[PDB]
Amino acid sequence: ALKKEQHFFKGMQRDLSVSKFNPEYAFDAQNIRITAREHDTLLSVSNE
Amino acid sequence: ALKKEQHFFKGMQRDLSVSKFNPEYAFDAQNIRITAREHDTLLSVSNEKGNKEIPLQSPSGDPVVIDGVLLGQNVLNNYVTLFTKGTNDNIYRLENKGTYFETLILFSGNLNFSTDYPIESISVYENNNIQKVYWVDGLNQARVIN
Amino acid sequence: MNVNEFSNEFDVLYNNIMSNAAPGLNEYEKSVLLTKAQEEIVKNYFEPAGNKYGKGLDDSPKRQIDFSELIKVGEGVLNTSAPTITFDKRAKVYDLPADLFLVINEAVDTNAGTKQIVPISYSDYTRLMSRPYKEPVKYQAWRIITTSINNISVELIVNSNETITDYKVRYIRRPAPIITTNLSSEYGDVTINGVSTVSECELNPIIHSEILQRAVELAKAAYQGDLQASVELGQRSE
Amino acid sequence: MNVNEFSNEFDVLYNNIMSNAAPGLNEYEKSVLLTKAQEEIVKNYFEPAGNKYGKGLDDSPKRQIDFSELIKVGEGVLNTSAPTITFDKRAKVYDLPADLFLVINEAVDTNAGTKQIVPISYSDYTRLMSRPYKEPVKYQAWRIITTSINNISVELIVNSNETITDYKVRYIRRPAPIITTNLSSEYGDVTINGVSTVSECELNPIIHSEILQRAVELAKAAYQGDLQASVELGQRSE
Amino acid sequence: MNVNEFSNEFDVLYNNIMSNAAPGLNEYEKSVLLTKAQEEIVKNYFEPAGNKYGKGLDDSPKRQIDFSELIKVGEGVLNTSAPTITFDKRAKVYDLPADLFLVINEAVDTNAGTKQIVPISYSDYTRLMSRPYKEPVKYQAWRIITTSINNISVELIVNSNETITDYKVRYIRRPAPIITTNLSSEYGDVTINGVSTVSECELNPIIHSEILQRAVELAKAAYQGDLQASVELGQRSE
Amino acid sequence: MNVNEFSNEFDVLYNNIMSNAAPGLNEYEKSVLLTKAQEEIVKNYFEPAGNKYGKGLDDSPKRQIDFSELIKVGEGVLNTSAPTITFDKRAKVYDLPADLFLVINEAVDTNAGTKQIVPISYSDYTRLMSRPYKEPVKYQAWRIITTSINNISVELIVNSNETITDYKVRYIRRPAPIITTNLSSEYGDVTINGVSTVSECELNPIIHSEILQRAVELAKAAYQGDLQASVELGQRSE
Amino acid sequence: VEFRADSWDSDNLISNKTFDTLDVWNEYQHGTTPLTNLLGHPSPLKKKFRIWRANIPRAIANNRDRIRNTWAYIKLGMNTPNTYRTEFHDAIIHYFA
Amino acid sequence: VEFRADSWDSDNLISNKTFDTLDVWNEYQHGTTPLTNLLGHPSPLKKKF
């Protein structure tokens, strides 16, 4: 196509206008863990 | 080909997602040293130099075999004091000479000692003759030895 | 190639080797692009100047096999039902077949004999009607198109003192749409050319690759969204 | 090269992954590309202007060996079953073989003798039928395609006062698909040209390398997805 | 150069002077690239327009020594086992050798005498069969390819009133693969052209350098992975 | 220049390291490059269009001195041991020398007299054998290569009613490899052209500088590893 | 895997022995070669102008597929008995994206 | 939505199942597909390399 955009997940953020949201955060997440637990999955979304 | 990437090793890092790992660190390393030791190899991966056995000769010169499992040590100034269990419950005094440890057996008896209760020690130097080593188990009375 | 093969193989070409890397087309969009591509291919391979070889309908064996399954022979029906007005005194109005795309041969069977029809342009008609005799040559007849309502009506100007008993037309049939699924199942009332169901390709398999490639090019251009790409691939629409 | 080889050197020359954990480039897509490549090669090598040398079917020894495995001689069967309408009074409708790609020689055996068939264009039909006699030369017959249904039907306009006994057709057979593996094993109901089993290449080994290289080029250009590459490598689809 | 020399010297050229600086090719990949390179070299040096000098098979001493070890002379065997249908009344079907790449001279020994065979194109056949006599000149015979199954079948149209007693074919033999190791040892069931073991080059040593250089160029192009490089070096595949 | 010199000025003009602590550019690789350079130089200087001056084997004094050390005169030995099949009735099969690179003069001594041999192309064989007499001119004989096994076998088509007594061949001998050092000393079982020992250059000193410069250019272009350089310096491999 | 490294033996350089294995793997691939250096023949490991360069292994499952993934673990090591000090400065990895 | 992801089952990779839905919406639109992967036919979800 024409353009792209990369999204990382440093945390979960809310309360911010959709026009001005930050791609580094997730708007809403259910049963995930972003810290490395039982495996080296830090800064990578992983299960509960 | 098309592209490259350079990897330096400032340390050893883990716990981070493989997608987001940092090229400056190593994920896992065995028997290496990144600080300059015996040579100017700082920030460059280098080997681990091995150990060298030190014979435990008595003052008469005969070998001294240590009884069994070690429970704790103590270096006062240059005297290493070992509290070992085994067939008996022993205490040793090791002084590092040029190439050997002048070993003495300060005691060999039944100081009730257990492997489940290792030794923790404090040793003071008051003078040439009063060199004490206070040590305690989690099980028995506190004790002293000159 | 069955329609299922046209859909599956569009994604080996449009969609970055079936990687879902490119935008993603519905089956209705693929059907529309395939229909447009086949119309474009027919129009380009008919006109010699429209393709890359400079060869028209009957200019090579490949072209002969390309249009082989479109060529149809049908008779014209006298348009005596409607008493219209003809531009020529001795013109018998005839209606042509409804599924007509391009005419390539016409003949009229008169009492004097069969006569090959020459489709005469508006300049040649004025030129040939400024002369003493004003009739065709002994072995030919003229033809000009007249007032047509939802069909094709042709005036057959055959020589006077002769009656028309037949009128045979050899033409390229209008291709049927290419549809890869029952459009009504998921898309409400969308038709390609009035048919809402699965429609196969009515063409020889030789040009199925050409049609699929043209469809892929059209899809990529329509999705790149550049005006330049659209106008560039719009050149080949004729 | 057999099917396993086609897959193997395709993998070598394209750098795909044979493992399925990474999907890589699978066998259905490779089969589709190899097919498309073989029809492209046949079309480009038959037409002299389609290749780089400017040499067609019989313009050099290599080209004669290229199509050698495709040349087939078969007779046309009379279409007297269907009482259709012909564009010529003296035309006998004959049906051509189903697996027909390109006709390179045609001959008809009459009571007068064997007569080579001339595929006469739509313009030449009007030109030669606007003359007194309106019959072919002594040792030739004409041929024009007519109304065809899921086949090719041809009108054989031989000289009047003569009957047709045989109609031989020497033509290039439609190539069979190149299928690397049984598609039904993993791919539910996909096909390439109506076939699902393993289809070895029916061509001479001399052009197997050409087909493989063309397939690799198509694979790279499709995976790139650029419109410009698609248009440039679509020019070689004819 | 033994196969071991082709492998060792590929790495003095492909692998940045045996520095392991470039990607690194297995022995199967090197064998595949060498086989493809030799096929390309044969095809290019045969056609005069395919190489850089404009010289074909017999256009210089170098070209004569290049194909010296491929030229083979073999007899055709009458195909009387299969009662097929020939396009010409007086055509005797003959099967050609299986290991045939390109034909360069054919002769037929008749009761009247030896006659050089002219491979006649599909246009010249129609042209020469539209005439009164319809026979070759006194010192020649015609040849057209016919329905062929997993082989090469040729119709020998010699003058009537003459019988064919022999048919000699001088042709370029199909080159054997170049393989640098026992492929089955490490790679399961991979074959280059049906042979899994060490295969030497069946060509004169003069073109071994050409073949190795072409293999190196092909490897570098296949690894640079650019579409442009692949299509550019795909030009020379023919 | 001897082998030690070839290595030494190669080191000087390329800036490699003679030490083995840094591997540098070793002797096997230099020998391989010098070999490839010498075959490249021979091939480019024999063909007039291969060099920059446009001068071939005997087109100037320098070129006559260049190939002087390679010119060899040897007789062909009758191949009556193997009862093979010839393409001509009157062809006596003769085997050529094994170390043959290019044939520049051939002559046959018959009972009628010495007759210069004309290497007749595959086209001219058909052309001149489609005539009444079908024999060479009075003072010449023909020659066409035939089925060869690990050698070159040639059919000598001399005029009938004559016998062949001798067959002299003046040809350019195959150059021996340039090997700087005994390869078996460090390199286990590597070879260059089946040789492993020290191989001094068998050519005139006049082209030793050309060979060294070409080897240096090949070394630089290979070490660079760029595809573009490889293709450009591969053009000079013929 | 281009990399600079040097092995010594009591102030004596050793230009023949640096590493003895190279295990490269990811979620679906695993290959390994011994990193031998034969001067005449091609080998997994080759040195030239004081830089080592090792061809990354290929997958054990097929023995033909290269290590193709968005990321990969690269592990150099010695597993043959020896007593050298082996300074390992850095390593460049050449890939094709 | 190009994305890297991996599902495991006791040290065994699973290259067929990553996600089962994709809801995308805004103030005036809402769509959703199950993210199936059929190797031969086109599907909402496809994996390659």
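For (1) exposed (fewer than 11 other Cβ atoms within 10 Å of the Cβ); (2) part of a loop (DSSP other than H, G, I, E, B); (3) touching a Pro at 6+ places or on another chain (Cβ under 8 Å), each residue gets a yes or a no:
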{"position": "B:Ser19", "(1), (2), (3)": "no, no, no"}
{"position": "B:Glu24", "(1), (2), (3)": "no, yes, no"}
{"position": "B:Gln30", "(1), (2), (3)": "yes, yes, no"}
{"position": "B:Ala36", "(1), (2), (3)": "no, yes, no"}
{"position": "B:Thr41", "(1), (2), (3)": "no, yes, no"}
{"position": "B:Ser46", "(1), (2), (3)": "no, no, no"}
{"position": "B:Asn51", "(1), (2), (3)": "yes, yes, no"}
{"position": "B:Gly61", "(1), (2), (3)": "yes, yes, no"}
### Task
Determine if region A:17-39 includes at least one residue that is on the phi > 0 side of the Ramachandran plot and within 14 Å of chain B (Cβ to nearest Cβ).
yes
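Being away from chain A (no Cβ under 14 Å) and in contact with a strand residue (DSSP E or B) (Cβ under 6 Å, 6 or more places away or on another chain) narrows it down to one of B:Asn47, B:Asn51, so name that one. So that I can check it myself, show each step before the final result.
Working: B:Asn51 fails: in contact with a strand residue (DSSP E or B) (Cβ under 6 Å, 6 or more places away or on another chain).
Result of the check over B:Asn47, B:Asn51: B:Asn47.
Please tell me if E:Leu218 is in contact with a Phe, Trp or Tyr (Cβ under 9 Å, 6 or more places away or on another chain) and either within 11 Å of chain F (Cβ to nearest Cβ) or of a type in the set (A, V, I, L, M) (or both). Write out each step before concluding.
Working: in contact with a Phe, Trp or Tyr (Cβ under 9 Å, 6 or more places away or on another chain): no; either within 11 Å of chain F (Cβ to nearest Cβ) or of a type in the set (A, V, I, L, M) (or both): yes.
So E:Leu218 fails the test.
What do you reckon, is B:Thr87 surrounded by 12 or more Cβ atoms within 10 Å (Cβ to Cβ) and more than 14 Å from every other protein chain (Cβ to nearest Cβ)? Reasoning before the result, please.
Values: surrounded by 12 or more Cβ atoms within 10 Å (Cβ to Cβ): no; more than 14 Å from every other protein chain (Cβ to nearest Cβ): yes.
Against the criterion (surrounded by 12 or more Cβ atoms within 10 Å (Cβ to Cβ) and more than 14 Å from every other protein chain (Cβ to nearest Cβ)), B:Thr87 does not qualify.
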### Message
Being farther than 22 Å from C:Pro205 by Cα and among the hydroxyl-bearing types (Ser, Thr, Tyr) narrows it down to one residue among D:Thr146, D:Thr86, D:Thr191; which is it?
### Response
D:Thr86
### Task
Among the residues of region D:1-31, write down those that are small (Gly, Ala, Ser) and under 26 Å from H:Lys17 (Cβ atoms).
D:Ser19, D:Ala21, D:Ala22, D:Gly24
### Message
Suppose we filter F:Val42, F:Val32, F:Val3 for residues that are more than 12 Å from F:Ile211 (Cβ to Cβ), in contact with a strand residue (DSSP E or B) (Cβ under 8 Å, 6 or more places away or on another chain) and not hydroxyl-bearing (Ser, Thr, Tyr); which single one remains?
### Response
F:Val3
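Select the strands (runs of 3 or more DSSP E) contained entirely in region G:12-97, then report the ones holding at least 1 residues which are under 13 Å from the mean Cα position of the chain (by Cα), free of Cβ contacts under 8 Å to residues at least 12 places away in the same chain and under 26 Å from E:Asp226 (Cα atoms).
On the way: elements: G:21-26, G:29-33, G:45-48, G:51-54, G:73-77, G:85-92.
Once the strands (runs of 3 or more DSSP E) in region G:12-97 are filtered for at least 1 residues that are under 13 Å from the mean Cα position of the chain (by Cα), free of Cβ contacts under 8 Å to residues at least 12 places away in the same chain and under 26 Å from E:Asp226 (Cα atoms), nothing remains.
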### Message
Every residue in region E:184-201 that is buried (at least 17 other Cβ atoms within 10 Å of the Cβ) and within 14 Å of chain F (Cβ to nearest Cβ), please.
### Response
E:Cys201
## Note on the structure
Over region B:1-17, the set of residues out of contact with any strand residue (DSSP E or B) (no Cβ under 9 Å at 6 or more places or on another chain) and buried (at least 16 other Cβ atoms within 10 Å of the Cβ) is B:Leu16
### Query
Does C:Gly225 meet the test of being more than 11 Å from every other protein chain (Cβ to nearest Cβ) and without any contact (Cβ under 8 Å) to a residue 24 or more places away in the chain?
no
### Task
Look at D:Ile144 and say whether it is buried (at least 17 other Cβ atoms within 10 Å of the Cβ) and within 14 Å of chain H (Cβ to nearest Cβ).
no
### Message
Please go through (1) buried (at least 16 other Cβ atoms within 10 Å of the Cβ); (2) in contact with a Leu (Cβ under 9 Å, 6 or more places away or on another chain); (3) more than 8 Å from every other protein chain (Cβ to nearest Cβ); (4) hydroxyl-bearing (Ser, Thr, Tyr) for E:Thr181 and return the number of the only condition it doesn't satisfy.
### Response
(2)
### Query
D:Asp99: within 30 Å of C:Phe6 (Cα to Cα), surrounded by fewer than 21 Cβ atoms within 10 Å (Cβ to Cβ) and more than 14 Å from chain E (Cβ to nearest Cβ), yes or no?
no
### Task
Would you please name the residue that is nearest to the other protein chains (Cβ to nearest Cβ), looking only at residues in region F:152-177 that are out of contact with any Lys or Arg (no Cβ under 9 Å at 6 or more places or on another chain) and surrounded by 15 or more Cβ atoms within 10 Å (Cβ to Cβ)?
F:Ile152
### Task
Could you list all residues from region E:111-124 that are of a type outside the set (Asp, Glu) and out of contact with any strand residue (DSSP E or B) (no Cβ under 6 Å at 6 or more places or on another chain)?
E:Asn111, E:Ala112, E:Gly113, E:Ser121, E:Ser123
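Neighbour counts run over all protein chains shown; Cβ positions are idealised from the backbone, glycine included. Each value in this text was obtained by applying a stated rule to the coordinates, not by laboratory testing.
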